[PDB]
Amino acid sequence: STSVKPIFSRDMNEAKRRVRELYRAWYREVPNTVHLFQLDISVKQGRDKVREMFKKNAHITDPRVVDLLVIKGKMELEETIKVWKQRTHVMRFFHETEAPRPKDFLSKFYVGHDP
Amino acid sequence: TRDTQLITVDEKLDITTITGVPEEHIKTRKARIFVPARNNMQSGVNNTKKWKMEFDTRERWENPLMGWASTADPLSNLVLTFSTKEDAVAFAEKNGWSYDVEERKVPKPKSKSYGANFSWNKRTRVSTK
Amino acid sequence: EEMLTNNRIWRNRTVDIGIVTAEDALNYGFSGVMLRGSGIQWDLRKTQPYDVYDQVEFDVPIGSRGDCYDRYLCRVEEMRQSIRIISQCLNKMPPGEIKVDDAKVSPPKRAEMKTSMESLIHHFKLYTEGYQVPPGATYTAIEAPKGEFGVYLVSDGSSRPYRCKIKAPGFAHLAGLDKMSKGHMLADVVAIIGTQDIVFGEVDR
Amino acid sequence: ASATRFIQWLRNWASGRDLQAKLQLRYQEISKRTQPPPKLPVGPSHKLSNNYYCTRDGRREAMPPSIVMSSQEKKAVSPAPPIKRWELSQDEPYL
Amino acid sequence: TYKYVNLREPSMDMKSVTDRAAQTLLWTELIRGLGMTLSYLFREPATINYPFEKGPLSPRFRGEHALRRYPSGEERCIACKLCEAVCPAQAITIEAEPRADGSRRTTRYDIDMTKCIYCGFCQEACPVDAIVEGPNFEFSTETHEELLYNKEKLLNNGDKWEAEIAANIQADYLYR
Amino acid sequence: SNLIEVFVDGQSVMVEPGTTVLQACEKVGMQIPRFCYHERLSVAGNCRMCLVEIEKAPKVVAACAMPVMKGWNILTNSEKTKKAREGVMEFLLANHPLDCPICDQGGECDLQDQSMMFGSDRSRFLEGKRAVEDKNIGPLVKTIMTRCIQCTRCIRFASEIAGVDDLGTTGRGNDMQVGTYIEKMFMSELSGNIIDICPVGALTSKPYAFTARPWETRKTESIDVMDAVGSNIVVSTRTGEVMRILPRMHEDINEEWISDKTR
Amino acid sequence: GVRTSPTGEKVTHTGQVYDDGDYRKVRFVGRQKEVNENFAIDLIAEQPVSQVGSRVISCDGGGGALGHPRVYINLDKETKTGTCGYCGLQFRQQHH
Amino acid sequence: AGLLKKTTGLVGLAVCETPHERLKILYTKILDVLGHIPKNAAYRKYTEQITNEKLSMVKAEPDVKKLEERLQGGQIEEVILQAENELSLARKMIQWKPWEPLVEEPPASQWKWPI
Amino acid sequence: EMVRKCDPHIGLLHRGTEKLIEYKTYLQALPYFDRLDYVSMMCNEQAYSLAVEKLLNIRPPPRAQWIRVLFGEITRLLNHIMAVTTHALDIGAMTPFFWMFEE
Amino acid sequence: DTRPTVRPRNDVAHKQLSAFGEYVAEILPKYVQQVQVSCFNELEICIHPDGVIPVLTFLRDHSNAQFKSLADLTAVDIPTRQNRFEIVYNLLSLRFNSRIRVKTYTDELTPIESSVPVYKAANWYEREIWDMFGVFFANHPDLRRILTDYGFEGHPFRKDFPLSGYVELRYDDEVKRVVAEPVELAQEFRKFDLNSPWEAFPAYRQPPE
Ligand SMILES: CCCCCCCCCCCCCCCCCC(=O)OC[C@H](COP(=O)([O-])OCC[N+](C)(C)C)OC(=O)CCCCCCCCCCCCCCCCC
Ligand SMILES: CCCCCCCCCCCCCCCCCC(=O)OC[C@H](COP(=O)(O)OCCN)OC(=O)CCCCCCCCCCCCCCCCC
Ligand code: SF4
Ligand code: SF4
Ligand code: SF4
Ligand code: SF4
Ligand code: FES
Ligand SMILES: [K+]
Ligand SMILES: [Zn+2]
């Protein structure tokens, strides 16, 4: 009970090192991604998007969940560096065609029934 | 015995960030853990033996072209079968779903007696057979 | 064969192209002509017969070089053996019904469905609910034209399958395209793809 | 089948076969597209007596797997006898 | 039983070596390949003159769907929904209500011909021979919407092809 | 203390005296087939679909009516038991009409299901079938009595639950007919419940007639607000439309009944 | 029978028609509304009632196995005619 | 002894010039490695049994073709390869120690089907 | 033009057959199997049917088993004609494709 | 075995497989948890996840097993289990003309050792298991999606993943590329409740709860 087999990191301190290593790889890659794919975004927008993705999981405290997130993040990086992804796949992080949905109670009330 | 060099993780299991489900369908849904009611048109009880987990119903509108029922809810047809209540609650907790649990409703044992149909002085006597 | 077998241009494109050793073929999960081309004597129609394959006579072609030319000869010779079996199936065809006479599995004949109460009930249930299959998991394979095709079918006791894993023989063959292409040119990989007999309906499922 | 005798000779010679014997285009040797009606037979279970379903109920004879071992000088064995070696074909051993 | 396909040892007598030398230098086995394609040039082609000629079909052919009537003109379909339950693609949508005369009939019978896999399971499951797959296969359209058949379109198909549909069922119903 | 040991397929179960063979089999998860026995109605014992063998006894006993005796071994899957269910199901389907496509019960019919699980798979009945005239009993309950299997559930319900002695059996033998004899309307606040207890499509809902099949409806478990009792219901929906209201069992509020207004 | 609504649109045998203000009528502009002109409710009503001498009659829809499942119709009631639930043909007992 | 075969028929499986001498080496090496496994391990008892049976046949049949019919393992070159695999397996069973008791029982209902 | 590495990327025809089968009855799932190896249709059906029959503990009648073998070997002709002639088509030999596709 | 419609039993193979099942459990007691043989003569060995490499190596190399072919490798998702995933290995022995099934278990977070060292065929089967179920295989030469689209989020073959997914693709003329948007269905998939409320197979009746 509570004794589990690890993936890569035996504790959060070790896991956070892999998070920082992954962040440095993504940070150095955005200039190349915005160049090869000929994206109409800036290097600042891309690096802001990377930061947005990392802060989205800043509340994790289980090292194994962090290990999978780094594993999944490295697969994403490998797909982008080798240009397995297309321009359509790299722009799906920006949701350019999705109309902004309401956030406040009143706006959600007027348009439909969803919470 | 299990020479694998295990570690310790003293936090509740949570896989919401690695299951790929959009945030809209984690924090806004309401799972319902229940044993399905027997279909009252039939006497069979083989569909009342496992716990199910279904989600809250959402809007269905008519397709303008054909009148078909349309949906925007990706979890509208999702039904999960579980062997026990505790297993169902465990699965909901680790996926970050808020759930309502309804305790199984079992028929109470009943005292049947064919002889009571012909009682001497009680109202259980039947007027027709 | 007049166009291909003894043609020297065809032999140049296929002889010693995509050689696979008998030991590597087994470990990489190959089946069918991919094993028989390397000299392995295996065919499920003879080792694990199904239906009435043990009541027919045919020869299993075997390669010697393990290359694309021996696998082409094996496939052309298997076409000849299929004609040999078809001759025996045309003469040994017996009389009788063509589906199991158990109306909880096979639907009744339409004439009986419109005259019998039990036949209409079973026709109704077999086309709305289907037949329940007892719980259990099986792996069943046949010698399909492209190799060993099987399904790992899991049943939970209901009328709908719980799990249906499909073993496409081309999935393992295509996985070996990287080993068999070592030391070859671009035009040879075009030949190796065709020798593996790949269809991506089964590889991708 | 409408080829003149000369063209039949030319095409037979150029291929080395007697093509006319085995033409790949079909002719009046095919079946008639209208056929007499059939009268198909019935199965072994079409009986009026001695035909109870519990005596031929295949699905109900299946059983759960039999547990051989569970964690809840004997001789060595193999999964089955070793496979007998195939025999070279006598119809045509070498192609 | 097995056979070898490429296990043969060539002869080494001087006449066999010279025969192979002549094949290498004079392209004899390539000239032989030319002779096989020359033969085909003088055979009758297998092409048919479509649309003036049609490829042969059989009474079991599974083509466009149609809803049939009884000889009196009453619809055969009685809204049982067996076709809807067995349709692998869920291409059939049905609604029903008691008709003005109290008959069990449909108010909606739609087949999405772009979901359908033309498998014939619906006509197998119909207990009244109402929904059938007809012999028509030349019904391509210039727009997607034209392939979403409703009940009116299916009854029109049945009334159009009934003469042929009835004769095909007459030719194959004893096999069913 | 007072419990008596009985065996089901050899497995021991402790039951109270007066427990029936059918109830003893329930305690081990075995449901005996039935068409006339309802746990909330009086025992009738006239469909014979619950006949089961008792080890070391030559005659099969009615499970719904026979009390268990100490030491009995109930063979719920023996050859003798299985041949009894096939014989009875054969008799039930002999005169039953081939109405399944046009019958509202199809897909949720006990006669259909128990015929698949316990009856044979083909017919050897070569005669003509019986046909009975329908009997109007109001605007809520549709009556097609050719499908009746003379189970008397409606008769017992109307008399014991509803308190209305208007349904009975007129006739004798194969001509016995369930109905009101006179032209009468079975009008009551509990009348709609005879649709649920009728195992066959002889009694069906008139508002619901032909609109849906059971397998395509979604079952939403909700509450009723027509009165203050709070009956637990099931709301059947089909492609975003409410199709019917069914009872949902709650032993402490409504059991498996609802009022006609709630339905 | 086929009848036209006041705006001119034809009414189908199911009683479906678009109201005068429904925007969905735009789909029929430059095209036509497909309607089957052989209303089955009218055609079945044109068939004569069959007189029989027995209290019970059977209908398979005609054509044998090409019809519908054989059902048996009770003709004891004199006020109304027994109707086949599958094909709508009516039967009446001769002189009750 | 018999004439030497020209081919084994299997691609990549070279003919063996001295099938008997090579087999006696491999089986003897296997029985030496099995001496390091505890005497009661079923792998040792079974593997020594079958190895001795094959070793006796190799010593009691000088003809290769007749030896193949006794070993029932295909070509004699296939039998050598299987000896090499068995030897490699035994060297690895020592490290794994499968004869030790079960590492850990499964949860209560891990192998319960249906659920 | 020397090939240093082959990295097949598949899934451009991944349709979720195995997940869709879980929502079908055993009969409804059969037409999925004609569409896996769509050159060996009746062989894919047989493998599925042998598996369900094995779990059903039933046996197809003798005449059905001969039809299945007969059409199992006609199907092998269909597949091998497709395999050999397209293999030859990709290598530059196009004439055999047309001769055998009339068969 | 004279009944036309019933499948005949082969009790010779049933004994042989049962005998060999004990044989494996005796040689690998450290890992073998349960052995069973089905009524259609398929042997299953249920092992601890730690025994993937020892068990498969023994079954491939032992002179009395020689399971040289990995027929297939797949996962089954059972949400009600503490370890919801069930890794299934189907092996074939050409020498003995036999088949065996090896089964283990894992959950969302526990790795399972990669069997590429034992069977080169497992390279893509483990990629498919990871891609379609999210089960991580340790020491895999290269683990990544094989079937799903690039950037696809989630694991389709999990029982809690919806049939139609969460996103769908179209072409948008404003951005001149294919975009991904939340899924909306013109016709919702129609859920059918097909289960019969009457028990079908008494032989498999589970003990009452
Ligand atoms: C007695 C005195 C002593 C001296 C007497 C000498 C007399 C004989 C003189 C020698 C004859 C040489 C003939 C030419 C040989 C050249 C070809 C060759 O090299 O063969 C080997 C080559 C290669 O053969 P290879 O692939 O088997 O390899 C040969 C070498 N080894 C085996 C060691 C690898 O053959 C070819 O050239 C293939 C031809 C390509 C395909 C072309 C399509 C075929 C077209 C056929 C129709 C041709 C019509 C031509 C007529 C046109 C009219 C305008
Ligand atoms: C007879 C036909 C005359 C007309 C042919 C004109 C074309 C000439 C070009 C083709 C070459 C044929 C001429 C060579 C001699 C052939 C006759 C011959 O060799 O004698 C027959 C005799 C029987 O052969 P056998 O005993 O079965 O086995 C061979 C064992 N040495 O074989 C022998 O045993 C004798 C020794 C055989 C070895 C001699 C070397 C032959 C190879 C040298 C190259 C020949 C070609 C050179 C010219 C190339 C240009 C075409
Ligand atoms: S042919 Fe098949 S897919 Fe098409 S509507 Fe009929 S049952 Fe559905
Ligand atoms: S077409 Fe046939 S199967 Fe479909 S609903 Fe109508 S009667 Fe039933
Ligand atoms: S009551 Fe049941 S068996 Fe009888 S016709 Fe209706 S659905 Fe069929
Ligand atoms: S009408 Fe229904 S409930 Fe009443 S006796 Fe007949 S079958 Fe039973
Ligand atoms: S349920 Fe016992 S006789 Fe009817
Ligand atoms: K009812
Ligand atoms: Zn009728």
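Methodologically, a virtual Cβ is constructed for each residue, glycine included, from the backbone with ideal geometry; neighbour enumeration extends over all protein chains shown. No lab work stands behind these numbers, since they all come straight from the coordinates.
So what is the relative contact order of chain B, in percent, for Cα pairs below 8 Å that sit 6 or more residues apart? Intermediate values should be presented prior to the final figure.
Working: 146 pairs, mean separation 35.7, N = 129.
28 percent.
Taking only Cα atoms and a 10 Å spring cutoff, compute GNM fluctuations for chain E and point out the largest among E:118, E:40, E:149.
Among E:118, E:40, E:149, the largest GNM mean-square fluctuation belongs to E:40.
As a test, work out the antiparallel percent of DSSP beta bridges whose residues both lie in the protein assembly as shown, rounded to the nearest 5.
Working: 109 of 129 bridges.
Approximately 85 percent, going by the DSSP bridge assignments.
List the trypsin sites (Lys or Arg not before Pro) within region F:130-172 that DSSP assigns to loop and that have no more than 14 neighbouring Cβ atoms inside 10 Å. Please list the in-between numbers first.
Details: sites: F:130, F:135, F:142, F:147, F:153, F:156, F:172; in loops: F:130, F:135, F:172.
Taking region F:130-172 and a limit of 14 other Cβ atoms within 10 Å, the loop trypsin sites (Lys or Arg not before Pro) found are F:172.
Kyte-Doolittle cut-off -0.5, length cut-off 24 Å along the helix's own axis using Cα: show which whole DSSP H helices in chain A pass.
Values: long enough: A:12-36 (35 Å, -1.09); A:63-81 (27 Å, 0.31).
Within chain A the helices that satisfy the rule are A:63-81.
Taking chain F as the reference, fit the longest principal axis to its C-alpha atoms, fit the long axis of helix F:79-94 to the helix C-alpha atoms, and give the angle between the two in degrees, 0 to 90, nearest 10.
Long axis of F:79-94 versus the principal axis of chain F: about 30 degrees.
Work out the charge dipole of chain J with +1 on the Cβ of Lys and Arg and -1 on the Cβ of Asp and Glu about the Cα centre, then indicate which of J:140, J:24, J:48 is farthest towards its positive end.
Comparing the listed Cα positions along the dipole, J:24 ranks first.
Defining a contact as two alpha carbons under 8 Å apart and six or more residues distant in sequence, what relative contact order in percent does chain F show?
Details: 465 pairs, mean separation 36.5, N = 263.
Relative contact order, chain F: 14 percent.
Viscosity 0.890 mPa s, temperature 25 °C: Stokes-Einstein D of chain B from its Kirkwood Cα radius, in µm² per second?
Details: Rh = 19.7 Å.
For the chosen part, D equals 125 µm²/s.
How many Cβ atoms of partner chains, on average, are near each residue of F:126-136 if near means within 10 Å of its Cβ?
Averaged over the peptide's residues, the number is 4.
Quickly rank D:17-28, H:83-94 as a protection proxy: mean count of other C-beta atoms within 10 Å, highest first.
Values: D:17-28: 10.2, H:83-94: 19.0.
Ranked from most to least packed, the peptides come out as H:83-94, D:17-28.
Based only on Cα atoms, what mean projected area does the convex hull of region F:83-135 have, in nm²?
Working: hull surface 17.8 nm².
Mean shadow area of the hull around the Cα atoms is 4.5 nm².
With charges only on Cβ, +1 for K and R and -1 for D and E, what is the dipole size of region C:158-205 about its Cα centre, in debye, rounded to 20?
In debye, rounded to 20, region C:158-205 gives about 400.
Taking all pairs of different Cα atoms in the protein assembly as shown, averaging 1/r and flipping that mean, what Kirkwood radius in angstroms comes out? Write out the running numbers ahead of the final one.
Working: mean 1/r = 0.0273 Å⁻¹.
That comes to 36.6 Å for the protein assembly as shown.
Counting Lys and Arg as +1 and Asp and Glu as -1, each charge on the Cβ, what is the dipole of chain J about the Cα centre in debye, to the nearest 20? List each step's numbers first, then the result.
Values: 25 positive and 31 negative charges, 198 e Å.
My answer is approximately 960 debye.
Counting residues in chain J as N, plug N into 2.2 N^0.38 Å and put the Cα Rg over that result. Provide the component values of the computation, followed by the final result.
Values: Rg = 21.5 Å, N = 209, 2.2 N^0.38 = 16.8 Å.
The reported ratio for this selection is 1.29.
If I histogram all Cα-Cα distances within chain I using bins 5 Å wide from 0, what percent of pairs lands in each bin?
Here the calculated profile for chain I is 2, 10, 14, 16, 16, 15, 12, 8, 5, 2, 1, 0.
Got the relative contact order for chain J handy, in percent, Cα pairs under 8 Å and 6 or more residues apart?
On the way: 313 pairs, mean separation 24.6, N = 209.
Relative CO of chain J lands at 12 percent.
Give the share of C-alpha pairs in each 5 angstrom bin for region J:63-166, from 0 to the last occupied bin, in whole percents, shortest bins first.
With 5 Å bins starting at 0, P(r) equals 2, 12, 21, 22, 18, 12, 7, 3, 1, 0, 0.
Counting DSSP beta bridges with both partners in chain G, what percentage is antiparallel, nearest 5?
Numbers: 8 of 11 bridges.
Of the beta bridges lying entirely in chain G, close to 75 percent run antiparallel.
Please give the peptides J:84-90, C:84-90, G:55-61 ranked by average Cβ packing (other Cβ atoms within 10 Å per residue), highest first, as a rough proxy for protection.
Values: J:84-90: 23.0, C:84-90: 16.1, G:55-61: 18.9.
Per-residue mean Cβ counts within 10 Å order the peptides as J:84-90, G:55-61, C:84-90.
Search the structure for amide H atoms under 5 Å from the amide H of residue E:69, placed 1.01 Å from N in the peptide plane, and list their residues when 5 or more places away or on another chain.
Those qualifying (amide H under 5 Å, at least 5 residues apart or on another chain) are E:76.
Tell me which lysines have Cα within less than 19 Å of residue A:74's Cα, excluding those fewer than 8 residues away on the same chain?
A:16, A:49, A:55, A:56, A:82, A:85
Of the chymotrypsin sites (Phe, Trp or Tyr not before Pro) in region A:24-115, which ones lie in a loop per DSSP and count no more than 12 other C-beta atoms within 10 Å?
Numbers: sites: A:26, A:27, A:37, A:54, A:84, A:93, A:94, A:105, A:109, A:110; in loops: A:37, A:84, A:94.
Answer by residue number: there is no such site.
Restricting to bridges with both residues inside region J:1-146, how much of the DSSP beta-bridge set is antiparallel, in percent to the nearest 5?
Details: 22 of 28 bridges.
Around 80 percent antiparallel, to the nearest 5.
To the nearest 10 degrees, how steeply does helix B:85-94 sit against the main Cα axis of chain B, on a 0 to 90 scale?
Compared with the principal axis, the helix lies near 20 degrees.
Using unit Cβ charges (K, R positive; D, E negative) and no other charged atoms, how large, in debye to the nearest 20, is the dipole of chain A about its Cα centre? Walk me through the numbers before you get to the answer.
Working: 24 positive and 16 negative charges, 69 e Å.
Magnitude of the dipole: close to 340 debye.
For chain C, compute the number of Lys pairs whose alpha carbons are separated by less than 18 Å, excluding pairs fewer than 8 positions apart on the same chain.
Summing the qualifying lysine pairs gives 9.
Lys/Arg Cβ at +1, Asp/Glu Cβ at -1, dipole of chain A taken about the Cα centre: which of A:46, A:115, A:70 is farthest positive-ward?
Checking the options against the dipole of chain A, the answer is A:70.
I want to check a number: in region H:5-106, how many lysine pairs have alpha carbons closer than 21 Å, given a sequence separation of 8 or more or different chains?
Qualifying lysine pairs in region H:5-106: 25.
If the cut-off is a Cα-Cα distance under 18 Å, which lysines reach residue B:85, setting aside same-chain residues fewer than 8 apart in sequence?
Here the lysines satisfying the reach criterion relative to residue B:85 are B:30, B:49, B:50, B:52, B:94, B:105, H:112, J:159.
Any number yet on Rg/Rh for chain A, C-alpha, Kirkwood?
Numbers: Rg = 17.9 Å, Rh = 16.6 Å.
A ratio of 1.08.
Enter the mean number of other protein chain beta carbons within 10 Å of the beta carbon of each residue in E:95-107, as an integer. Before the final figure, lay out each step's value.
On the way: counts 8, 5, 4, 5, 7, 3, 6, 5, 11, 8, 6, 2, 7.
Mean partner shielding for this stretch: 6.
Select from E:161, F:150, I:32 the residue farthest towards the positive end of the dipole of the protein assembly as shown; place +1 on Cβ of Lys and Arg, -1 on Cβ of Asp and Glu, and compute about the Cα centre.
Of the candidates, F:150 comes out farthest on the positive side.
Apply the membrane-span-like helix rule to chain E: whole DSSP H runs, Cα extent along the own long axis of at least 15 Å, mean Kyte-Doolittle hydropathy at least 0.0. List the helices found.
Details: long enough: E:14-26 (17 Å, -0.02); E:28-41 (20 Å, 0.66); E:151-172 (27 Å, -0.94).
Correct list, ordered by number: E:28-41.
Across peptide J:129-136, what mean number of C-beta atoms from other chains lies inside 10 Å of a residue's C-beta?
Working: counts 0, 2, 2, 4, 0, 6, 0, 7.
Neighbouring Cβ atoms belonging to other protein chains average 3 per residue here.
Name the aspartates and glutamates eligible as straight-distance cross-link partners of residue B:108: C-alpha to C-alpha under 17 Å, and not fewer than 8 places from it in the same chain.
In chain and number order, the partners are F:16, F:26, F:39, F:251, F:252, F:255, F:256, J:209.
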